[PDB]
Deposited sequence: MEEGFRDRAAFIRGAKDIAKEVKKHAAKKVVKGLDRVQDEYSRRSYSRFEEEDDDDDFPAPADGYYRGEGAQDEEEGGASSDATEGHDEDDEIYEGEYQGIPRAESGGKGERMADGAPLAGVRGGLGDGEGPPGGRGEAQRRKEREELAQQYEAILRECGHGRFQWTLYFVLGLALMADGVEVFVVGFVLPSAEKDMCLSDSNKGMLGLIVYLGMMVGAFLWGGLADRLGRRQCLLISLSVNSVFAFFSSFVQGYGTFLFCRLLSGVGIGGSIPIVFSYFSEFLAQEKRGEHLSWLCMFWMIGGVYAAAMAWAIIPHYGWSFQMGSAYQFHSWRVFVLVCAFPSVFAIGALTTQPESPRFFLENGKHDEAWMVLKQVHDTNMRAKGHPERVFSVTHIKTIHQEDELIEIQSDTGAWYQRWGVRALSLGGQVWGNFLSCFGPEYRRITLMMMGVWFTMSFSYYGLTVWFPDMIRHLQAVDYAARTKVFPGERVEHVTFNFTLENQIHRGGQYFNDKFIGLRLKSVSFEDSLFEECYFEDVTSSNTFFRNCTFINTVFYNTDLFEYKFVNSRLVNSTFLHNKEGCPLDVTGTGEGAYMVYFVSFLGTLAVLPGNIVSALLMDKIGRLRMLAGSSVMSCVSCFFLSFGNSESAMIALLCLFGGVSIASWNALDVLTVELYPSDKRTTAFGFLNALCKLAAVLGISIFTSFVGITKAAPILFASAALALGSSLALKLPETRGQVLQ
């Protein structure tokens, strides 16, 4: 085994980085960009889709977690399979499934079918990170592999910014009407299609063929690589003098057995320690990162809510008689008023409350109302015509000889206003995504100088320390700075992981092990999101404690990992 890895390292090491490597880099960054775009869609869609699709808060949470659940399943499935059927074929299958289901999700009406489409889209896109990294790792040599793999992490943020830009450039046009959020979904379903388009032109890497006793295809693929790189470097005189490489329903059951064997061989005596260290590291890092990255926007929203409450204005003791009104009201309280023989026509209300009021012989007609209530109010001989007033809008009131006529149809569930303040979401996500650029650059430049282990541990401990500064920012302005700081100072820890997991497992098990670890990452992400979403407003010590302890565990386990810098990839 090890002898082949020496010979394999020798072939590509001579042809050197060149045309073929950059071509594969771009055509694989397309798949990574597709993943980055996919993980943002449902988030930029909930505020607008919550009206058409009549979405409760429970449905919002389930939709928020469906992408991560699908990504977990897809990572495990496609990683397990790719070690048998190849990397190119499996990536094509998974990306095509993602594109198909993500396109169908745009022309879908019901909530359950939308959830199913999004889950299958996540299953399709789960296997991009493992297959892409493992597959590109087999066209690189050890002198600079770490930097080469680290520049491949840049396309994920490119996809994030693409999704944010399209969301900003499509969703706010609320007057189009099929509204604009479906168009945003369809437009964001494109990079996967381009990924299949650009992936069909690339050979299946020769390492898989060699590991599968298919040295002929390995030789022809290596010949393509050499020919392309030499044609690039303007040295057609050179000849590929390298000789042949060293030689070493039932179908579904056989594939399942082979995948199970690959997975079970990861816990063998050689790889038990490494595998357990990696399980702990991936779990802890994912838990902390996802918990914080979803806790920050929630805190911004809650702090804005407190400001909104502090901006309310109260109107006590108003008496109105024989007056008509058609003027929109917002963020107001009206207490202890009396309205006799009043007509309210074309009235729009938002976050308006009425307490201890009295209505007698009044007349409502065509009233819209969000977060509007009637507490301890009395109605006598009042008529409600074509109104948005539901049963739950009357809290502790009593109505005598009133009437509801032409009751306006629509979603009964409230908090479903077409337009919510989602602009802040787009800009916050855009800044958070840009925060990873300096981290990506420094990590890519210094991975092969500092080393995988040292960079991983340093970034992890720095993030653990930076978490303590959470309490130092209590304003909406400080939370953005903290979000950019945590995101940009922790991204290196992720890159060092992707390079470190790739270089630590045998070529026959690299995709299986990486897929299992990414599935564990997505599971930990789900758990972290769930736990941390219950801390907003409660306090500020709990998130600090949880995310500092988890990153401490991660750094402790990370420091006990082998080193892979300057070692041949086996």
From the N-terminus onward, what segments of the deposited sequence lack any C-alpha atom in this model? 1 to 144, 322 to 329, 401 to 420
